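*Asks:* experimental coordinates for this protein are included below, preceded by the sequence.
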Amino acid sequence: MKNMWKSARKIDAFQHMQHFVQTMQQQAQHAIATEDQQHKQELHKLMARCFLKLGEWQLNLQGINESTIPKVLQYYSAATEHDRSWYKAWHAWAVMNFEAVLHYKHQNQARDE
Ligand SMILES: O=P(O)(O)O[C@H]1[C@H](OP(=O)(O)O)[C@@H](OP(=O)(O)O)[C@H](OP(=O)(O)O)[C@@H](OP(=O)(O)O)[C@H]1OP(=O)(O)O
């Protein structure tokens, strides 16, 4: 999916990743067993990575605006939740809040004009 994102099929990659995250969340909900602890942990890490890629691609395509910020914050909060001990997810979430607040400042300045 990442490769096909790199191969100019960006919107298709984003849609496929939406579907994949939904499917894998359903699988994780269905994955309820004692032996499945390590597999569930790996799947949670994969969900974190998928959500991080979701946010990155959402910014790459739709940019940053009033509509995009809630969705991307949801994606990054989910990514942090699935894998709390991951540096990339937390850094992406924090810098995303940073970008959102700077964008709010800039549009406020535009309003002032
Ligand atoms: O183990 P991978 O499947 O290769 O995933 C990660 C990660 O990939 P994702 O962000 O897509 O999960 C990084 O991001 P990408 O470059 O793959 O987009 C990647 O590279 P960076 O950390 O430099 O972004 C990083 O390391 P690598 O460059 O060696 O692929 C690698 O983690 P690992 O290095 O632990 O395998």
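*Replies:* Cool, got the structure. Residues are numbered from 1 along each chain as shown.

*Asks:* residue 66 sits in which helix or strand?
*Replies:* Assigned by DSSP states H and E, residue 66 falls within no helix or strand.

*Asks:* and it, how many residues sit next to it?
*Replies:* Using other C-beta atoms under 10 Å, residue 66 is surrounded by 10 other residues. Quick note: C-beta positions are derived from backbone N, CA and C, even for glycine.

*Asks:* pop out the phi and psi values for it.
*Replies:* When read as degrees, to the nearest 10, the backbone of residue 66 gives phi -60, psi -40.

*Asks:* any chance you could list what contacts stretch 22-34?
*Replies:* Residues outside stretch 22-34 that contact it (C-beta atoms under 8 Å, 6 or more residues apart in numbering): 39, 40, 43, 44, 46, 47, 50.

*Asks:* now those residues in CSV, with secondary structure, neighbour count and distance to residue 61?
*Replies:* CSV is the format used below for the contacts of stretch 22-34 (DSSP: H, G, I helix; E, B strand; the rest coil; neighbours: other C-beta atoms under 10 Å; distance: C-beta to C-beta, whole Å):
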residue, secondary structure, neighbour count, distance to residue 61
39, helix, 12, 32
40, helix, 15, 31
43, helix, 17, 26
44, helix, 16, 26
46, helix, 16, 22
47, helix, 21, 21
50, helix, 21, 16
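
*Asks:* reformat those as JSON lines; add distance to residue 62.
*Replies:* Output for the contacts of stretch 22-34, formatted as JSON lines (distance: C-beta to C-beta, whole Å):
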{"residue": "39", "distance to residue 62": "34"}
{"residue": "40", "distance to residue 62": "32"}
{"residue": "43", "distance to residue 62": "28"}
{"residue": "44", "distance to residue 62": "27"}
{"residue": "46", "distance to residue 62": "24"}
{"residue": "47", "distance to residue 62": "22"}
{"residue": "50", "distance to residue 62": "18"}
